[PDB]
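To start, the structure itself, in structure tokens.
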Amino acid sequence: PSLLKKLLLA
Amino acid sequence: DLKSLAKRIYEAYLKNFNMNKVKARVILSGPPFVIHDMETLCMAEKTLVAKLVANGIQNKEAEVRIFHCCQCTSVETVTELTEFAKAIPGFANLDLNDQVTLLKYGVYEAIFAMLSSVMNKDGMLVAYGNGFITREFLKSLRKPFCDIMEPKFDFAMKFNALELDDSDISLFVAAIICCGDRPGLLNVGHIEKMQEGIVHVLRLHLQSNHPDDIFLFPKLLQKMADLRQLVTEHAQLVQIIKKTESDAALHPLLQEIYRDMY
Ligand SMILES: CC(C)(Sc1ccc(CCN(CCCCC2CCCCC2)C(=O)NC2CCCCC2)cc1)C(=O)O
């Protein structure tokens, strides 16, 4: 779960 | 309607970016604090990034302190770009992994395009509109740090001569993000179709908003290609810094964006 994907899921 | 696509994208841009071109020009016309030498750099640090030098890392070289502040700004801008992307009609219907890929390759092209809105020939507005760093001061930094911003000023001076407004730039940034030729996309066709819609709206919008410049659309296609090259070169310099500079460690999010990029 990359940090970019984390931002997208925020 | 395509007019609705253009307005929705513009509204998403006004909502999600703290700095826009009208605001920046209002400030850049006249009171941001001017950073033009080491004395004023240190003063600005104590007023605008107090925690950074509360102790702190202020025994690190000025160039390294500036680089850290720049990284923090980029981390913030990636968040704003991600929220903007999520508001581009159709982007949220893409595969989540494709959404990651589009952001990964598009963010720095979008950053350097948007940086133009805060630059003039003498310097750039920074720190949420509260500082202004001179172009000459940045050129005066020791190598390699003096080599980061100058190509971006060169890009910005020509980009700014196109006299775009935020309604144009919002569509241009959307076009940069929704790019079907990024490496590793899963659903290229769906992304190309989405890109085609945004580019179609961009072409029509420029015809309406810039009736005086019959070549503005192909000029902007060329600017997109110029930005890809600018980003490739920028990433190469970032790698020189990460390799030769011990105090210049990259924030994990930026490391992730740069990894396996170019
Ligand atoms: C960080 C790398 C590794 S290199 C890099 C990348 C980008 C930049 C431009 C950062 N910046 C000056 C931020 C200057 C902060 C200021 C420094 C002096 C003390 C007071 C605070 C700025 O204003 N950016 C805008 C944000 C509004 C939207 C457009 C972009 C500089 C270096 C990266 O690749 O990310």
Side-chain angles (χ1 to χ4, degrees), chain B residues 13 16-21 23-24 27-28 32-53 56-58 60-81 83-84 104 107-120 123-135 137-138 141 144-153 155-156 159 166 169-170 173 176 227 230-243 245 247-259 261-262:
Chain B
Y13 167 106
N16 282 294
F17 297 109
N18 76 82
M19 184 56 65
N20 59 61
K21 185 165 172 173
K23 278 166 140 204
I27 292 161
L28 283 173
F33 180 81
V34 171
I35 300 163
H36 64 92
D37 66 6
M38 286 309 181
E39 184 192 28
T40 55
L41 171 72
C42 293
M43 294 168 61
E45 290 174 314
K46 287 178 187 194
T47 56
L48 299 177
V49 293
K51 175 66 185 180
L52 187 72
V53 295
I57 73 153
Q58 64 169 146
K60 295 191 161 196
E61 285 172 278
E63 287 84 354
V64 171
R65 303 193 311 262
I66 292 164
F67 190 72
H68 180 264
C69 290
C70 289
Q71 297 195 46
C72 292
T73 302
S74 291
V75 170
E76 300 277 10
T77 314
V78 169
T79 297
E80 292 181 340
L81 276 161
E83 292 303 306
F84 172 70
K104 166 190 195 73
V107 288
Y108 277 98
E109 290 175 18
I111 287 173
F112 298 145
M114 295 189 298
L115 188 51
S116 308
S117 297
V118 297
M119 288 178 150
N120 65 24
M124 62 188 285
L125 192 60
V126 303
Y128 297 86
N130 295 290
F132 178 86
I133 308 172
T134 69
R135 181 174 185 176
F137 176 68
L138 287 160
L141 299 183
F145 294 101
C146 55
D147 298 331
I148 297 166
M149 298 309 305
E150 187 62 8
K152 286 63 165 189
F153 277 104
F155 175 89
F159 194 75
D166 293 299
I169 293 163
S170 66
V173 173
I176 285 169
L227 285 166
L230 196 71
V231 171
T232 299
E233 293 166 349
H234 177 75
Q236 281 157 4
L237 178 65
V238 174
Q239 173 64 18
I240 290 179
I241 291 167
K242 172 191 171 205
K243 185 189 181 170
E245 302 283 345
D247 295 329
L250 275 184
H251 184 286
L253 177 60
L254 308 186
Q255 284 181 10
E256 179 174 310
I257 289 162
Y258 283 118
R259 187 151 288 247
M261 187 190 296
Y262 289 131

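For ligands, and for the atoms within them, numbers begin at 1 and follow the listed sequence. Order of the sequence lines fixes the chain letters, A, B, ..., with proteins taken first and strands second; residue numbering starts at 1 for each chain.
In this structure, B/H251 and B/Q71 approach most closely via the heavy-atom pair N-OE1, 2.7 Å.
B/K60 pairs by the salt bridge (charged side-chain N to carboxylate O under 4.0 Å, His left out) definition with B/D247, not counting sequence neighbours.
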What are the atom names and distances for all N or O pairs under 3.5 Å between ligand 1 and the protein?
residue: ligand 1; atom: 34 (O); partner: B/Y108; partner atom: OH; Å: 3.2
residue: ligand 1; atom: 34 (O); partner: B/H234; partner atom: NE2; Å: 2.9
residue: ligand 1; atom: 34 (O); partner: B/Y258; partner atom: OH; Å: 2.5
residue: ligand 1; atom: 35 (O); partner: B/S74; partner atom: OG; Å: 2.8
residue: ligand 1; atom: 35 (O); partner: B/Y108; partner atom: OH; Å: 2.6

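The aromatic ring centroids of B/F112 and B/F159 lie 6.0 Å or more from each other.
Remark: side-chain polar atoms of B/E109 are not paired, donor with acceptor, to backbone N or O of B/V231 under 3.5 angstrom. Panel note: side chain B/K104, backbone B/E256; a donor-acceptor pair is recorded below 3.5 Å.
Using bins of under 30°, 30° to 60° and over 60° for the plane-to-plane angle, the ring pair B/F84/B/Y13 lands in the perpendicular bin.
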